[PDB]
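Working notes, beginning with the structure itself.
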Amino acid sequence: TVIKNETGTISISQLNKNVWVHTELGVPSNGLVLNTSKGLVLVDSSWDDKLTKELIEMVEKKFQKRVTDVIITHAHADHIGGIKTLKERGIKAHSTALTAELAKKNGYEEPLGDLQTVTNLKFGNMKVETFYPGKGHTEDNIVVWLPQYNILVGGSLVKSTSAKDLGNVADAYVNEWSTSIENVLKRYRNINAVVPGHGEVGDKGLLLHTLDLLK
Ligand SMILES: [Zn+2]
């Protein structure tokens, strides 16, 4: 089930009953929409305020619920870009402290900086674990794990199956990135789906593919 806006710039696709992938064109970028009994939780918002607001309005219309929380997976403009929108709408913008520090450094309003290396959140019955595996795509990048579904949100740490390019490495720790991905692999022994920063949802093979690119 894939639903879109009128421009086609924003789409949401159901992964399972309560888990949807949101995709926006800024180049596409993925995150998750989690439909919980206590509102909507996003893993990542969008590139900027306009798209972030459109995204929120879309999902809030679709599920007739408040977006309560967003997990920000790193501090780059294309991840922190809708922070003003989140804060004005009373959306809790979770991030690690490092991501918050970097967001400020980039001139952005600060997300919460509440996430620790391992943070388990629960929204109604929806369980969410955030994990900082070490530096890779950026110094601060985290992954998100849905232990009820064994779904891993790789974000920019994980490239898609067709991707031959690691993307922006100006802020990357290319050598460390392999170790960080290994940390994710060691941590989650049974992964089902993995959501890359952009491109189609895959499986653990995406982590391997990314290691291959990094070699
Ligand atoms: Zn980035």
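If the condition is being of a type in the set (A, V, I, L, M, F, W, C) and more than 21 Å from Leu115 (Cα to Cα), then the stretch 126-171 contributes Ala163, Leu166, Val169, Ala170. The number of residues in the stretch 90-140 being out of contact with any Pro (no Cβ under 8 Å at 6 or more places or on another chain) and within 16 Å of the ligand (Cβ to nearest atom) comes to 18. Examine the stretch 68-89 for a residue that is within 13 Å of the ligand (Cβ to nearest atom), among the acidic types (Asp, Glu) and closer than 27 Å to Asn125 by Cβ, and state whether such a residue exists. No, the stretch 68-89 contains no residue that is within 13 Å of the ligand (Cβ to nearest atom), among the acidic types (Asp, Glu) and closer than 27 Å to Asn125 by Cβ.
Remark: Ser156 falls outside the filter, which requires a residue to be in contact with a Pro (Cβ under 7 Å, 6 or more places away or on another chain), under 22 Å from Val21 (Cβ atoms) and of a type in the set (S, T, N, Q). Of all residues in the stretch 86-101, those that are under 14 Å from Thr138 (Cβ atoms) have Cβ atoms under 9 Å from Cβ atoms of residues that are among the aromatic types (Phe, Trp, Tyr), 6 or more apart or on another chain, in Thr96/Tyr132; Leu98/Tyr132.
All of the numbers you see were taken from the coordinates with simple rules; none came from a lab. Cβ sites come from the backbone with ideal geometry, for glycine too, and all protein chains shown count toward neighbours.
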